[PDB]
Ligand SMILES: Nc1ncnc2c1ncn2[C@@H]1O[C@H](COP(=O)(O)OP(=O)(O)OP(=O)(O)O)[C@@H](O)[C@H]1O
Ligand SMILES: Nc1nc2c(c(=O)[nH]1)N=C(CNc1ccc(S(=O)(=O)Nc3nccs3)cc1)CN2
Ligand SMILES: Nc1nc2c(c(=O)[nH]1)N=C(CNc1ccc(S(=O)(=O)Nc3nccs3)cc1)CN2
Ligand SMILES: Nc1ncnc2c1ncn2[C@@H]1O[C@H](COP(=O)(O)O)[C@@H](O)[C@H]1O
Ligand SMILES: Nc1nc2c(c(=O)[nH]1)N=C(CO)CN2
Ligand SMILES: [Ca+2]
Ligand SMILES: [Ca+2]
Ligand SMILES: [Mg+2]
Ligand SMILES: [Mg+2]
């Protein structure tokens, strides 16, 4: 089977799974795996969310710089469709398997064995990806995958699928040149590494053994490929996923979701979806500029409770100063000030996340290259310049993004009000945007949804989007209601000094609502007022003993 | 004339149903009834809530009637009572004297009721039950007097549900014109068309009332007052009867019988549906603070949205008395308002006035001078129970907030041990309500208050809020505004800063109160609180 090393380039679809148990470093570890996969295997065109997952019963920064170059070559360029991947999804006719393919009944029994053999032989942070690969075979990829593992040194990368193939290779152990040969074909090579690998490649199963048995795997695949149907499976990934969840409720009285949590990432750390309402402080430099003043306003917001600061330099209501001249210097003064540290040598938890509210590629490029920002807040949902998406992946870094719905601009917005179906048009729009970024290899868990309150919505439509916010229960949700006219509209009425108060207080009501609907991030001017509110509500929800209400009631009834 | 007009004075327990279907005058019609019951029939020792109720067929001339009522031959003793033996006898079903009217047995009663029911085959009813310790000899005499009461009011229906433990069914009652006069004269100082009109009205008498078992609005009311009660003719206790009726309505048909039969509380003279609105009570602390500035503050608050104003002259935790602070302020306001020049046509815009006092003398003056509507007693009428006597006038009833505290503002933070915090307080409030109810204060006029920050550590004030659902059946009134415990919640110019956080923390509780359907919140910052409620209300208004 020597044509494994054929230099004739193929295009292949491979679905991977990546797991670590280092919680403190999950983001860092798994985004490092991702970058290496991108570098050494092909193009990432789908990813699941990050999940904290329970088991199924019951120096990187310096090593990143010097890395063997790939023999293949990278285009960060954008794509609309993928013909190969579309074929993988429908199961369509793909070139026959290089390796020998076992049949389904033969495959099932081999996997029966491996599960039971390991059943008897007796926190996870999981992620799936889809690779468009220039690798000819799953085994060659497994050689590379395990070399990726080996250099990273903690990190487990499996191969869940390879095209439509059904494969169970029992006898595997091979030439320490054959390993050198595979790794000569794809990576531009510069000794103890291979030794550890020959031992580990005992066998190969395509699809993976625990594909249909580990919940955490179904959970990841249900994000990426809900409709996929391998010949090996009884049903589509989503149906399996549903049966698993349904069946765990009927037969064990367990909701399996409870111990397996969806994660979104803002900067470098895990955030559990729906578990915290984060405050985002508004700094509109636009509001003859005062960069010293505006940076103290930034610090004012940090001490007031904001986890995230949102900075932009355009007006939503200006003679000759540019957007860049408004935001880059303030951000630079912030980085300068913060960095002349006076408080701690352990300030890895205390730093505010910085978001830039821009649609301009050039602004965001300058920011990213000067390490000035963490999050792109793009109110066009990257529709003004999709190339901006490219600036979200550096060689090692990833950046997170807020995608927001609007129509038109502040001057034309208020008229652009007709929707076929308000709630679902806006939801469908955003999922579409997410599909695009995900196709272009923006990690799904780094993408935040924003419905764009007051942007091309009548005030009753702003209210209605809020009435139906549960529609984002599956998603990181970032909203901005602060000081907008729809809040005022709700009120049954020196006159406009009262109006400003009535508006800030009505905002605080949406803070509460947002707290109960479990919104991930809220974009507010009045950071103190909001944090106060959130603190009280968080306290009222901290129940020391969760079923004491019924106990105490019975204690009273029998006096 | 025989043993019906017998000179021996008796003490009987009677149970009454009160009904009207004028919605706007529901309170005025039914309390007129309550007064007339209290004047002519005996002593009111229990009442149900007020209910807006689905029909089960299956004008200021009334204030002029109160100025011309003939005198009762019997007395109103207003002294407080702790006990009523006849009443405990009624509930236990122990025995009173022989019935003066011929009784029938269970079999025969059931037949004759079912005879009436079968033979008997758009606006809501406003319903109320009462227990009366009565000096009337028998149900027939009592029904006669009831009819006089109904006719005087000219709109109203008063039924006898029980009368002692008697089972009576008298079929073809024929009463002579001079007999009714004689019955009426036995109880009322009579000094003409009324009595000729009554002669027909009484065709028969049934005890218990025919529809007792068969109308939901009846079991609803009785479930408040006498859940344990089991008359011989009944197949189970009031509560079980009520319960079985709720569950049966959910299987037999698919209705939640609760949804359309609503519980009502009364703040002044209007209906409030329990749990349908979170009202704002504006705090006016008058602690020499001059009447003019304060009355302006009252006006600022009404425009800012307050439904109720709560005026207090006492410190919370010199040479000026409580009366001299509060009474003048309330006198100026009564006057200033009566300049209704902006509105010669609107008078329902008037704020309800709450007096935050415990001193009998202060409230007496307020009451004598129609300066207030509600007593806000922070001791729950514990400190001087005589104050309960001032909530009834001949024609008015006043509403009362009953707050829980221990000790005084100095002793307070040390009186913090509770076996079962949530239910100790609740049961304390229930005990206190039972005590006003026994003394003839309408149950639907009593609001509950957990007393946040009064003999409560900060975590206990939080715990009480966390368990506010415990008052889902009750009219609930809370005061969190600018209390120390709000600040306890917060994580970390100093003085005004913490002050801002505390007002905003209070708006968080305003939000929580909204979702928990709290009936009244006592706040300093009215405009701010009204803004929160308005937005939350909007988000909840799913109408297209
Ligand atoms: N316990 C009772 N209370 C009141 N009325 C009674 C009672 N038992 C029998 N009756 C008779 O029933 C008659 C009907 O009462 P009324 O004229 O108020 O009409 P109603 O309200 O339809 O009756 P009900 O309240 O019995 O449904 C009374 O006039 C009275 O003669
Ligand atoms: N992710 C995200 N980013 C934002 C958001 C937002 O909601 N989400 N909002 C603004 C502020 N936009 C805004 C301000 C005021 C109104 S308004 O309706 O109250 N006033 C108007 N301005 C122009 C026409 S109407 C509407 C939108 C700026 N950046
Ligand atoms: N019905 C009703 N009437 C009231 C109420 C109330 O809650 N209900 N509260 C006050 C206000 N009293 C008060 C003010 C502040 C505190 S506190 O929270 O500051 N108490 C303290 N706790 C610890 C140290 S001081 C306590 C009570 C006055 N009248
Ligand atoms: N589909 C597959 N993907 C990845 N590794 C596989 C597969 N089938 C068998 N293996 C082998 O089995 C091992 C599984 O190890 P682990 O994931 O650490 O339990 C790997 O090291 C591989 O050599
Ligand atoms: N809900 C309700 N229904 C009734 C009532 C009443 O008081 N309440 N009274 C009736 C006879 O007057 C007939 N039907
Ligand atoms: Ca690549
Ligand atoms: Ca009396
Ligand atoms: Mg593995
Ligand atoms: Mg009647």
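Methodologically, a virtual Cβ is constructed for each residue, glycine included, from the backbone with ideal geometry; neighbour enumeration extends over all protein chains shown. Since every read-out is calculated from the coordinates, none of them should be taken as a lab result.
Let me know the mean shielding of B:457-467 by other chains, meaning the per-residue number of their Cβ atoms within 10 Å of its Cβ. Walk me through the numbers before you get to the answer.
Working: counts 0, 1, 3, 0, 0, 6, 5, 0, 3, 8, 5.
The per-residue average across the peptide is 3.
Can you tell me the relative contact order of the stretch B:214-258? Whole percent, Cα pairs under 8 Å, sequence separation 6 or more. Could the numbers behind the result be given before it?
On the way: 31 pairs, mean separation 12.5, N = 45.
For the stretch B:214-258, the relative contact order is 28 percent.
Quick one: Debye curve from the C-alpha atoms of the stretch B:272-540, no solvent, what's log10 I(q)/I(0) at q = 0.08, 0.14, 0.15 Å⁻¹?
With one equal scatterer per Cα and no solvent, log10 I(q)/I(0) is -0.32, -1.05, -1.23.
Based only on Cα atoms, what Rg/Rh ratio does the stretch B:68-211 have, Rh being taken as Kirkwood's radius?
Numbers: Rg = 16.7 Å, Rh = 17.3 Å.
Taking Rg over the Kirkwood Rh, I get 0.96.
Per residue of B:508-521, what is the mean number of Cβ atoms on other protein chains within 10 angstrom of that residue's Cβ?
Values: counts 16, 5, 6, 12, 7, 0, 3, 3, 1, 0, 0, 0, 0, 0.
Taking all residues of B:508-521 together, the mean is 4.
Using only alpha carbon pairs under 8 Å that are at least six residues apart, calculate the relative contact order of the stretch A:388-478 and give it in whole percent.
Answer for the stretch A:388-478 is 38 percent.
For the stretch A:460-529, what does the convex hull of the Cα positions come to per residue, in cubic angstrom?
Measuring per residue, one finds 84 Å³ for the Cα hull of the stretch A:460-529.
Can you give the three extents of the C-alpha atoms in chain A along their principal axes, from longest to shortest, in whole Å?
86, 74, 53
Could you tell me whether the stretch A:99-146 comes out rounded, prolate or oblate from its Cα gyration tensor? Rule is a ≥ b ≥ c as square roots of the eigenvalues, rounded for a/c under 1.5, then prolate if a/b exceeds b/c, otherwise oblate. If you can, show how the numbers build up before the last one.
On the way: a/c = 2.36, a/b = 1.24, b/c = 1.90.
It is oblate, given that a/c is not under 1.5 and a/b is not larger than b/c.
How much of the DSSP beta bridge set in the protein assembly as shown is antiparallel, as a percent to the nearest 5?
Working: 67 of 121 bridges.
Close to 55 percent.
Divide by every residue of chain A the summed helix terms, -39500 (n - 2.57) for each DSSP H run of at least 4, and state the resulting mean residue ellipticity at 222 nm, rounded to the nearest 500 deg cm²/dmol. Present the calculation step by step, with values, prior to reporting the outcome.
Numbers: 18 runs with 224 residues, N = 559.
Taking each H run of at least 4 residues, the total per residue is -12500 deg cm²/dmol.
If I histogram all Cα-Cα distances within the stretch B:242-294 using bins 5 Å wide from 0, what percent of pairs lands in each bin?
4, 14, 13, 12, 11, 12, 10, 6, 4, 4, 5, 4, 2, 0
What is the Cα radius of gyration of the stretch A:33-94 over 2.2 N^0.38 Å, N being its residue count? Before the final figure, lay out each step's value.
Numbers: Rg = 16.6 Å, N = 62, 2.2 N^0.38 = 10.6 Å.
Dividing the Cα Rg of the stretch A:33-94 by 2.2 N^0.38 Å gives 1.58.
For the pair residue B:315 and residue A:288, what calculated FRET efficiency results from E = 1/(1 + (r/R0)^6), where r is the Cβ-Cβ distance and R0 = 51 Å, to the nearest 0.05? List each step's numbers first, then the result.
Numbers: r = 52 Å, r/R0 = 1.02.
Efficiency at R0 = 51 Å is approximately 0.45.
May I have the extent of the alpha carbons of the stretch B:366-470 along their three principal axes, as whole Å values ordered from largest to smallest?
The Cα atoms of the stretch B:366-470 stretch 44, 29, 19 Å along the principal axes, largest first.
Would you list B:397, A:449 from fewest to most Cβ contacts within 10 Å?
Values: B:397 19, A:449 24.
So the ranking, lowest neighbour count to highest, is B:397, A:449.
Taking a cut-off of 21 Å, what percent of all Cα-Cα pairs in the stretch A:1-122 are separated by more than that?
On the way: 4677 of 7381 pairs.
Percent of Cα pairs beyond 21 Å in the stretch A:1-122: 63.
Work out the mean other chain Cβ neighbour count within 10 Å for the residues of B:304-311 and drop it here as an integer.
Working: counts 2, 3, 0, 0, 0, 0, 0, 0.
Counting Cβ atoms of other protein chains within 10 Å of each residue's Cβ and averaging gives 1.
P(r) for the stretch B:12-265: what percent of alpha-carbon pairs falls in each 5 Å bin, starting at zero?
1, 5, 12, 17, 20, 18, 14, 8, 3, 1, 0, 0
By counting other Cβ atoms within 10 Å of each Cβ, how are B:511, B:399, B:272 ranked from fewest to most?
On the way: B:511 26, B:399 23, B:272 20.
Going from least to most buried by this count: B:272, B:399, B:511.
For the protein assembly as shown, max minus min Cα coordinate along each principal axis, in Å, sorted largest first?
126, 74, 57
Taking only Cα atoms of the stretch A:173-241, what ratio of Rg to Rh do you get with Rh as the Kirkwood inverse-distance radius? Working shown, then result.
Details: Rg = 17.3 Å, Rh = 14.9 Å.
Result: Rg/Rh = 1.16.
Going by how many other beta carbons lie within 10 Å of each one, how would you line up A:471, B:535, B:130, A:363, fewest first?
On the way: A:471 16, B:535 31, B:130 27, A:363 22.
Fewest to most other Cβ atoms nearby, the residues stand as A:471, A:363, B:130, B:535.
Per residue, what volume in Å³ does the convex hull of the Cα atoms of the stretch A:81-164 enclose? Provide the component values of the computation, followed by the final result.
Working: hull volume 13.7 nm³, N = 84.
Dividing the Cα hull volume of the stretch A:81-164 by its residue count gives 163 Å³.
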